[PDB]
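Asks: Here it is, the structure, as structure tokens.
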Amino acid sequence: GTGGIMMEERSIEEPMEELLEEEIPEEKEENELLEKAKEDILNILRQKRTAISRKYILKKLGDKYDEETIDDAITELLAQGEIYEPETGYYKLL
């Protein structure tokens with residue numbers, strides 16, 4: 175539309191409320207740690223190129239990353255489809 179997104183119906187979701195325009199909360203998280211965590215897990219999985227136990231991963235990276243961070247990393251990798259579990263508790267990088 176002209177200036178704003180006004181359609182056939184008068185779409186005025188943009189009001190004259192100067193009390194609050196948008197003001198987006200800054201969510202600038204340093205996800206580098208999680209990136210390195212996933213990368214490290216992938217390095218481990220790649221090193222043997224076999225299905226590695228999730229508990230073994232938690233054990234091995236226990237001195238390198240927090241369990242929670244490892245869990246998020248695993249979940250991210252699983253969601254990204256880079257790893258899969260052919261057996262319960264065992265994960266394999268594709």
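Residues are numbered in the authors' numbering as their position in the sequence shown, beginning at 1, plus a constant of 174. Quick reminder that beta carbons are idealized off the backbone N, C-alpha and C, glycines included.
Residue ranges of each alpha helix (DSSP H) run of no fewer than 4 residues wholly in the segment 186 to 245, ordered along the chain?
Replies: Correct list: 206 to 222 and 228 to 234.
Asks: Any idea which residues DSSP pairs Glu261 with across the strands?
Replies: DSSP lists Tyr264 as partners of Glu261.
Asks: Going by the beta-carbon positions, is the gap between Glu250 and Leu219 smaller than 8 Å?
Replies: Not a contact, by the Cβ cut-off of 8 Å.
Asks: Contact defined as beta carbons within less than 8 Å: I believe residue 269 pairs with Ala247. What is the distance between those atoms, to the nearest angstrom?
Replies: With the chain represented from 175 up to 268, any question about residue 269 goes unanswered, as that position is not in the structure.
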